[PDB]
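# An overview of the molecular structure
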Amino acid sequence: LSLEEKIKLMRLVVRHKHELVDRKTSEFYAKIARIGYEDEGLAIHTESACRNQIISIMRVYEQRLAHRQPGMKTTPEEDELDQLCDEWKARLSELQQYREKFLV
């Protein structure tokens, strides 16, 4: 994916973030793949391929966080993608916290 495509994809993920239900990932990533194709011109992705793109974006995000330097000058596109990733990370963590509260 180009940077522009990654941003379009993560904009969709974040816009729909409240639609992800714990243990119902398939419906969510399938919907994201579909809207990304239909509305943002992404290639046709299987569910797994779409989810893998997001997994990779988030892994790269964690690497970017680990390698941040105080005083670095950044671009608006990298700032937007990082902000979207922060918001998605927070949603995944929220779901994890709710699951952990009621573990058997």
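Each value, and the rule that gives it
- Residues numbered from 1 in each chain as written, not as in the entry; some residues may be left out.
- Heavy atoms only, no water.
- Helix = DSSP H or I, 4+ residues; strand = E, 2+ residues; numbered from the N terminus.
- Buried < 20%, exposed > 50% of the residue type's maximum accessible area, 1.4 Å probe, protein only.
- Contact = heavy atoms within 4.5 Å.
- Areas by Shrake-Rupley, 256 points an atom, 1.4 Å probe, with all protein chains shown as cover.
- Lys, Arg positive; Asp, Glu negative; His and termini not counted.
- Charge placed at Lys NZ, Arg CZ, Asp CG, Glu CD.
- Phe/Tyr/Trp six-rings, centres within 6.5 Å; stacked < 30°, edge-to-face > 60°.
- Axes fitted to C-alpha atoms, helices over the stretch in contact; angles between N-to-C directions.
- Parallel < 35°, antiparallel > 145°, perpendicular 65-115°, else oblique.
- Nonpolar A, V, L, I, M, F, W, Y, C, P; charged D, E, K, R; others polar.

Regarding how it was determined, this PDB entry cites X-ray crystallography in its header, along with a resolution of 0.998 Å.

In terms of regular secondary structure, the protein is built from four helices and zero strands. Reading the secondary structure of the protein in the N-to-C direction produces α-α-α-α. Summarising its shape, the C-alpha atoms of the protein cover approximately 45 × 35 × 20 Å along the three principal directions. Looking at the protein residue by residue over its 104 residues, the buried ones come to 28%. Once local pairs closer than 6 in sequence are excluded, the contacts in the protein between residues at least 24 apart make up 67%. Of the roughly 7400 Å² of accessible surface on the protein, 50% is carried by carbon and sulfur atoms. The average position of the 18 basic charges and that of the 19 acidic charges among the side chains of the protein differ by 4 Å.

Okay, the packing of aromatic side chains next. Under the criterion given, the structure shown has two aromatic pairs. Pairing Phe28 with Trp88 gives two aromatic rings, centres 5.5 Å apart and planes at 10 degrees, and the pair type is stacked. Of this pair, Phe28 sits in helix α2 (residues 25-40) while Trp88 is found in helix α4 (residues 76-100), placing the two residues 60 residues apart along the sequence. The buried category is assigned to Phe28, whose relative accessible area is 4%.

Attention now moves to unusual backbone geometry. Here the phi dihedral of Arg23 falls at roughly 70 degrees; this positive angle occurs in a residue that is not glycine. Along the chain, the position of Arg23 falls in the loop between α1 (3-15) and α2.

A few words on the packing of helix α3 (residues 47-67) against α4. At a minimum axis distance of 10 Å, the contact between α3 and α4 shows a crossing angle of 105 degrees. When the interaxial angle is binned, α3 and α4 end up roughly perpendicular. Each of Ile54, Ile57, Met58, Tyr61, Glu62, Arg64 and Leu65 in α3 lies in contact with α4, whose residues at this interface are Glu78, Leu81, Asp82, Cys85, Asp86, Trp88 and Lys89. For the contact of α3 with α4, a count of residues per class yields eight nonpolar, no polar and six charged.

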